[PDB]
Amino acid sequence: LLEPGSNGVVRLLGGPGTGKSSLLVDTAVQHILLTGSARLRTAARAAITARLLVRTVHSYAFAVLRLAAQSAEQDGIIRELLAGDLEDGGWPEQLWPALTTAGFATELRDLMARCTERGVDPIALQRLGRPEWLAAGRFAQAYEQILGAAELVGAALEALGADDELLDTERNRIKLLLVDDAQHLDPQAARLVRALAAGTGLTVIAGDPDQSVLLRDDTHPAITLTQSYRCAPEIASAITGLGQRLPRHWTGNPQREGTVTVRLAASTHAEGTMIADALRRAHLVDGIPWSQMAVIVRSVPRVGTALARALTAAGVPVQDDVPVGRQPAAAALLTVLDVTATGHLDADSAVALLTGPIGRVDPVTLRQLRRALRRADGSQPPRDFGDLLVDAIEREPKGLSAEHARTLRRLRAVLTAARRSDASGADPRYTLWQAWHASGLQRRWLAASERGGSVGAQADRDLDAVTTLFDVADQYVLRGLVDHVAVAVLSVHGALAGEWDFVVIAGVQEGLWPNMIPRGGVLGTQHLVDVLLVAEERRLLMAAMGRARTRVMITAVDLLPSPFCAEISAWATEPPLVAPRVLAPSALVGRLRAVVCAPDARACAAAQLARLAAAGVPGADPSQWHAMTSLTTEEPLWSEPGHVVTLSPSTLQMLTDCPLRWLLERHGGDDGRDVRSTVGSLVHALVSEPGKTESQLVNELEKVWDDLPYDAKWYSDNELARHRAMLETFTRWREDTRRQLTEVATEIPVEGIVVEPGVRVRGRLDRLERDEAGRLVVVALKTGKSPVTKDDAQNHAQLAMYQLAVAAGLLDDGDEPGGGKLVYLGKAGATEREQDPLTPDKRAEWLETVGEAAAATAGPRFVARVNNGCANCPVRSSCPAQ
Amino acid sequence: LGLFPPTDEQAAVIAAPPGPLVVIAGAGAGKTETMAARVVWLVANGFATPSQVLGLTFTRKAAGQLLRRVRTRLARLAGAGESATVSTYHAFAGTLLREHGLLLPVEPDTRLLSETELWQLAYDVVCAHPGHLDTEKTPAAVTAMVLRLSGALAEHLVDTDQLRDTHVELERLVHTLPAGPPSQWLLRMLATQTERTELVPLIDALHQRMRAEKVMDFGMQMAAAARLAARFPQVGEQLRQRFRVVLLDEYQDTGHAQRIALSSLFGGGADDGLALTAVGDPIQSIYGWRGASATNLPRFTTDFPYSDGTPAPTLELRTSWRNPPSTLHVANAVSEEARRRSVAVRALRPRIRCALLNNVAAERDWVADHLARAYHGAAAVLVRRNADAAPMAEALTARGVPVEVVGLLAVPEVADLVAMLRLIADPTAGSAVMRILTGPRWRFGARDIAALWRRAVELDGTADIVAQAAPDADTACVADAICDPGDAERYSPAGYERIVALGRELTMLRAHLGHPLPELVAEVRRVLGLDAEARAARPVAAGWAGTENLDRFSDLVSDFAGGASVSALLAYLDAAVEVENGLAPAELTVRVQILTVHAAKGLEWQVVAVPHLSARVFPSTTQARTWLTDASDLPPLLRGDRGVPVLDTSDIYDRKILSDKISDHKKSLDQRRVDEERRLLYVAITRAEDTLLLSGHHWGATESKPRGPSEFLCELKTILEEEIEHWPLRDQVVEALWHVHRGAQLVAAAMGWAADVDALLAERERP
DNA sequence: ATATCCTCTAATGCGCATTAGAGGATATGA
Ligand SMILES: Nc1ncnc2c1ncn2[C@@H]1O[C@H](COP(=O)(O)OP(=O)(O)NP(=O)(O)O)[C@@H](O)[C@H]1O
Ligand SMILES: Nc1ncnc2c1ncn2[C@@H]1O[C@H](COP(=O)(O)OP(=O)(O)NP(=O)(O)O)[C@@H](O)[C@H]1O
Ligand code: SF4
């Protein structure tokens, strides 16, 4: 039936992988076509050339349409039509609110497309009337009066049958018709093929009716095939066992030995781990190469996104998303182009260049560059870093430059090339390429992509993005240019052109694979499709299983195993795993260490760890364990005899509370300075002035309040109105007590010695005043809102150190104990908490407390007592007492 | 069919004719047991196809267990003589929105926001508000009010319009009315009422921004679904055709937005052929502040009618199954006050150790001893405050009982990944350096920390003060002394090599900052010792699982960047810490349970103890505020289900009368919360199956004066007496001072795991 | 060398507003 001398229509039927394409190519060669996919046609042409018109259905339709002459655009068109068809007053009067939405356009486009596929005229749709379909048909008929890839076959067929001479000429020009794909062909393509196969030669319609021209119901002789050539007998047995439930007999290759297995997890992580375990063991132990395994899942976004991430961590390669503009590497040149178009360097457009790939500096190098630049322009108020950056780029600062000169020189070269090349040539030929050549970002990745799997990956992706940007710029022909801009896990539908020794069918849960998710809508598209399913998904499972020839691994979790799993288990060749083993080199070391350091097999594990450590394998040697490290110093902070330590009065209530808090709050360990701190310091500075009136203080505060890092600019006015009242209440307090005390000094520096380890008090007294008795009270203005209690303010460590200094000289006065005061600006007047003067009895106790506190900062091994202030300290993650 | 013999009372519910049905009587009378056994009676006998069954439960665990029970019963019945659809309420609302999202104009592609992302969006909207708030609060403190008002509104379907006339008609009673004998206190209430209408524009702009970004919330999905159900009768007439039997479990705690969405599709008086069953009791309704619906048990007999005005039938089904006597007497006497307040139940008929210790330590010892003597010689504890859960394990672990207690970012293996990622991003976070410098890796001593700080400071009017606090101000951090250690004479010789190594490692890692976000956190974890030391710290009995949460963190990071790692993923994590209290513990595989009372609804255990029953802790009278003290409280005049009495405000002619009305209104609203607490105690008691433990303490932990036991203990003591005869706080302060070694010797002396090791060696040594 | 807070409650001095201190800053689906 397949000879050079032959006529009529013949077909070969049945069998997945049997060799339909091989038979077709053999018949084509012996007698001296169609493929159905732009990638499959390349393979067919390669096979034909190796043995010695490879087109597709849509390509053939386009070719015949072109001979007869002798997707965002359609979405935009329908969106514009919908936007126009809302001001005018035939929708069912309930779809008006949804017309402007972007979800209605896609549904309408899909309905139009499926109407086009089955060969339906707009008048035919208007004959179905359900006014939604009538309105859709009217919309379609209006759209026609206003081509795409969905109606190409229909348009080509419509152009045929009228000339009555082109069809005969084309038929006479074809001697062999080899469709090679008839199981899934649109009815328009089917009738086009039938018309093209009226008389010639031939006209092989092979296809595969088991998995949904025509095959099931037709005349002409048919050929039956039964030997699979690409499936083990066990796999075929499982497939047929599933098939004996469907509303079909074929044997596999006896020369193959196969295995179909079903696995169940206890969690999603367990499934994602045993899949990688099986893949790793298959690649390493069995020895099959990569690209022969594949993971098949119902939907990549639903499951495959997490599966790929959990699988690449185990060392199994994945062959594998963002726009061109959104890529920082491509946007690096876009920023340069924008700067060239504007002609002036901005402030926030320089940090991006200093941080992006053109010139790369880590944040610490940013701090070093900022410090080295601010050392040139020694203004008392430091200038903003962005302001100095542009000046440094333009004019070279001679004050200091050691290693930052190279980066600025490179940026100079790039900018001075781009800004001059645009004053002549066009954008794509003089802006992007000149900038790329001027930048050194071509000789680095070229010698850097060779080595390193981490830096090399970024280099490759960045180079691909740069090439794509260059291609887009070429297709765009300066302001307008900137304005314009391995194991492969894949879906079931993409799992139809693979050999795939090992196939892992992932995500076969009862909630997703038999899709109980309804497929209804507002337009009733599915009702139109059906008028004009478990058994449906079983065919998909069958097709996915049939791609594997050696091993099938059906993975699910127990999130519940579908009845398909129970059905498969009947023809398979244990409690669900909860701790699945891996072959990862970083998991063997972990398990071996966990078993060695446990409260027989220990010698074996130690031998394995020794053999691992003898060849690298980080984490194996005993010296590389974290628990085996040693303290760096273990020596006291100070040890010389006669040493004197300095205690500021503000950090004495913190040393008597938690010495570790003192050690780590100073010496770095405070994660920053809040705005409240600088506002309080500013108010203290304003109050400290001795010769300014209230209006002057308020004006000074208002003139500098603008430069404060307040988000919520409705709050930067509430704070100003509150601190104006703070200044006002300070002034009222000062005027209220003028007749009872009298100031002697303000912000007076306290410094001296109180014990001979010696203790050296140092501090800045906010306000020092004197009474009618000649004493010296001490005042510490505070801008907080919640005052301390009296029984606590009488034990305040800050004041009790200040009036401790005034005893035994120090502040150069009568050296009387005085008293103690604590004024809370903010919360009849400012609330004042008092403290009695240091009596000789209590002075000894306070000296003892100071001495005991000064001895807790001596050596290593600081104490960490739990306080009521543990909720506010930054050193909590490193605190043993938690 | 191989299970329980259904009781006579349960028989009527099991084989009731098609139509609406109510089941009552509460605490073990077989409610969920007559759900799968009623599905099978409506499947095997006939009247339905098991693809037409819909069941709804509050928590997803209950949905899963009901699905498993139903499928098992159906499979067993398949051998004697197409699967159901079981989902939670909110999941069904999401499905309904996806199917018919274009009728009511909401895009079906709408994303759903978490708590952290919602807080971030609300914070940005609040901080980007051009105007004058005239409030004494702060941003991130009025965001916690906007996010609560916008939840209450969407829960009661108020749409922000009626909120603008709340203070009016009420401020006139304090100004126009004459005194009978300002009060300086009603003005605080008025300043509170004038806050809802002040912050209405904020919750309007927030909704506008959420609409403009095609995202919504958990609390807006139900509102949208309910509006769709009420406005359009064409959706119910299709679901009623698809589904013929509908089961509503735990109907006592369903909210107002879920009450008019389940009464418009099913049982609006439309179809009498739809077998609709609702179960639940009016006594275990404990939430009151989340669903905020104390109704829906009485509003069922007139809410799902017979399509002819006949009220739907309610079946008593009274029998105590999961409660042994002498623990049911306490349950039925502690909630005997509900004979007037919430009358919908009569009683249920049938088929203990109390202690009062003088301090918390003694009570902890007593409960631990009682739970250990039943373990060493041969269960759960219900703590109302979860902050109390962790404390009571040290007095119990010392007894030797295995301890199980039930923050992703506080795990010691993940907190070292958030740091060293904060140290990489901004070298000004000093709290992320003390965690690295003093961790098990490179244990720096105190002297070397001091030397590093000295090098850091060596590296370093009224306008110069404000010149600081800028985003580009220099603050003399400690992270730029590691990269310029200076001369190696100020540090110890063993502490300079580590500093140089840290500098080189950070320099290598910071260059990988332009790489995609998910490929950076997976590289830091490669450089650090994680994924190897995480497994080495796990007992052999666990198996191979050591990187569960350390991998779920990476999955969450990849989900977030579906990203900048500096502006985002570090503000995001700090927002999640304060908002979500750690993202998600990454639950174990799975001693005595620890869980809270609110998480112990509809379950059962053998030995259950409610440990802490003193005053102010279990009744929780603290931190409760009515609608006239805080803004975000939705006055009852415009709230659904109005229990929650409304003050008449139309019978007052003097200020004294208004003050009395306000005072008694506050007292009534407080008694409401007291009744809710009593319902909580009733829920806690009935989960016994066996002996029960009740305890209370005199002296707490941080009190100047002792607190007595609560009223619950003072009532239970009377109940048991008509009990173990167990009837200057403290100044002790805990302080901490700042196998592996034995097993390392075997490894040191050394120089089916053999196959794996040789295969890995072959793989590594094959270029 | 420099400060955590909002809120409800109890004493109190010239019945009601002002000041001070104690205790908690819950429970939480999808
Ligand atoms: N005579 C033959 N000798 C050797 N190998 C053969 C022979 N015929 C077919 N094959 C092999 O069988 C396979 C042909 O599969 P194929 O032609 O793709 O079947 P199929 O119908 O396309 N199944 P599908 O991939 O789902 O479309 C190839 O691996 C061929 O090498
Ligand atoms: N006919 C029966 N025979 C024996 N035990 C039963 C019977 N019916 C119910 N039970 C048991 O009584 C208890 C009732 O619990 P369950 O059936 O889960 O409903 P429930 O606990 O009452 N739900 P809820 O009332 O909301 O707390 C379970 O332990 C059942 O196993
Ligand atoms: S949490 Fe408490 S014990 Fe730990 S460092 Fe901070 S203050 Fe000290």
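Residues numbered from 1 in each chain as written, not as in the entry; some residues may be left out. Chains lettered and ligands numbered in written order. Heavy atoms only, no water. Residues with missing side-chain atoms left out of burial classes, pairs and counts.

### A look at the overall build of chain A
Part 1: Check the secondary structure of chain A and you find 34 helices and 14 strands.
Part 2: Each principal axis of the C-alpha atoms in chain A carries an extent, and together these give about 130 × 80 × 60 Å. (Helix = DSSP H or I, 4+ residues; strand = E, 2+ residues; numbered from the N terminus.)

### Observations concerning the interface of chain A and chain B
Part 1: Contacts between the two partners involve 117 residues from chain A, matched on the other side by 112 residues from chain B.
Part 2: For the side of chain A that touches chain B, the element with the highest residue contribution is helix α26 (residues 585-596) of chain A, accounting for 11 residues.
Part 3: Broken down by class, the residue content of the side of chain A that touches chain B amounts to 67 nonpolar, 24 polar and 26 charged.
Part 4: Alignment of strand β14 (residues 863-865) of chain A against strand β13 (residues 735-737) of chain B, held across 3 bridges, turns out to be antiparallel. Each bridged residue has a counterpart across the sheet, and for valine 863 of chain A the counterpart in β13 of chain B is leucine 737 of chain B. (Contact = heavy atoms within 4.5 Å. Nonpolar A, V, L, I, M, F, W, Y, C, P; charged D, E, K, R; others polar. Pairing = 2+ DSSP bridges.)

### Observations concerning the domain arrangement of chain B
Residues and elements named next belong to chain B.
Part 1: Taken as a whole, chain B is organised into domain 1 (8-104 + 223-319), domain 2 (111-213), domain 3 (353-404 + 591-624 + 657-720) and domain 4 (409-579).
Part 2: Taking only C-alpha atoms into account, the centre of domain 1 sits 36 Å from that of domain 2.
Part 3: Of the residues lining the interface, 11 residues belong to domain 1; the matching set on domain 2 comes to 4 residues.
Part 4: Its residues assigned to classes, the side of domain 1 that touches domain 2 comprises 5 nonpolar, 4 polar and 2 charged. (Domains from an automatic or database assignment.)

### Some remarks on the pairing of strand β4 (residues 293-297) of chain A
Residues and elements named next belong to chain A.
Part 1: Two elements, β4 and strand β6 (residues 502-506), share 5 bridges in a ladder whose sense is parallel. Across the sheet, residue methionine 293 finds its bridge partner in β6, namely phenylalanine 502.
Part 2: Sheet analysis places β4 next to strand β5 (residues 488-491), joined by 4 bridges and oriented parallel. Pairing of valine 295 across the sheet is with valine 489, part of β5.

### Section: the packing of aromatic side chains
Part 1: The interplanar angle of 85° and the centroid separation of 5.4 Å between the aromatic rings of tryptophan 436 of chain A and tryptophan 445 of chain A together place this pair among those described as edge-to-face.
Part 2: An aromatic cluster is defined as three or more aromatic residues linked by ring pairs; in this entry it consists of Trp705, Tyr710, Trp714 and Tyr715 of chain A.
Part 3: The side chain of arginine 242 of chain B reaches across the aromatic face of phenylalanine 243 of chain B, ending 5.8 Å from its centre.
Part 4: The ring of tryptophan 442 of chain B has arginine 441 of chain B lying over it, and the distance from NZ or CZ to the ring centre is 4.3 Å. (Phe/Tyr/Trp six-rings, centres within 6.5 Å; stacked < 30°, edge-to-face > 60°. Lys NZ or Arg CZ within 6 Å of the ring centre and 35° of its normal.)

### What to know about the sheet that holds β4 of chain A
All names here are of chain A.
Part 1: Spatially, the 5 strands line up as an open sheet ordered β3-β7-β6-β4-β5, and their pairing is parallel. Edge positions in the sheet fall to β3 (259-265) and β5, since each of these pairs with one other strand and no more. In this sheet, neighbouring strand axes are inclined to one another by 20° on average, regardless of whether the strands run parallel or antiparallel.
Part 2: Strand direction decides the pairing type here: β6 and strand β7 (residues 551-557), joined by 5 bridges, are parallel. Across the sheet, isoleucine 505 pairs through a bridge with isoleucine 554, a residue of β7.
Part 3: Of the strands in this sheet, β3, β4, β6 and β7 are in contact with helix α12 (residues 268-286), which crosses β7 at around 165°. (Axes fitted to C-alpha atoms, helices over the stretch in contact; angles between N-to-C directions.)

### What about the sheet that holds strand β12 (residues 692-699) of chain B?
Residues and elements named next belong to chain B.
Part 1: If you walk across this open sheet you meet the 4 strands as β9-β12-β11-β10, and the pairing is parallel. Single-partner strands in this sheet number two, and they are β9 (353-359) and β10 (380-381).
Part 2: Against the sheet, helix α12 (residues 360-376) makes contact with β9, β10 and β12, and its axis sits at roughly 165° relative to β12, the strand it touches most.

### Let's talk about the pattern of salt bridges
Part 1: Linking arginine 164 of chain B and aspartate 161 of chain B is a salt bridge whose minimum nitrogen-to-oxygen distance equals 3.9 Å.
Part 2: A salt bridge links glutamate 237 of chain B to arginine 240 of chain B, with the shortest nitrogen-to-oxygen separation between them at 2.4 Å. You can see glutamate 237 of chain B and its partner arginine 240 of chain B sitting in helix α10 (residues 236-242), 3 residues apart, about one turn around the helix.
Part 3: Within the structure, one salt-bridge network assembled from shared partners comprises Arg367 and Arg371 of chain A together with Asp460 and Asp480 of chain B. (Salt bridge = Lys/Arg side-chain N within 4 Å of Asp/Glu carboxyl O.)

### Comments concerning the side chain of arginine 298 of chain A
Residue and element names in this part refer to chain A.
Part 1: Assignment of secondary structure puts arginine 298 in the loop between β4 and α13 (300-312).
Part 2: There is a polar contact of 3.1 Å between the side chain of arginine 298 and the backbone oxygen of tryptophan 513.
Part 3: A distance of 2.6 Å separates the side chain of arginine 298 from the side chain of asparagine 515, its partner in a polar contact.
Part 4: Those residues in contact with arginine 298 that lie beyond four places of it in its chain are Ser491, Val492, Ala506, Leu512, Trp513, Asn515 and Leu540. (Polar contact = N/O pair within 3.5 Å; in protein donor to acceptor, adjacent residues only side chain to side chain.)

### Points about the environment of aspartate 648 of chain B
Part 1: Of note, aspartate 648 of chain B is situated in the loop between β11 (608-610) and α24 (655-685).
Part 2: Separated by 13 residues in the primary sequence, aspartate 648 of chain B and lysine 661 of chain B place their C-alpha atoms 8.7 Å from one another.

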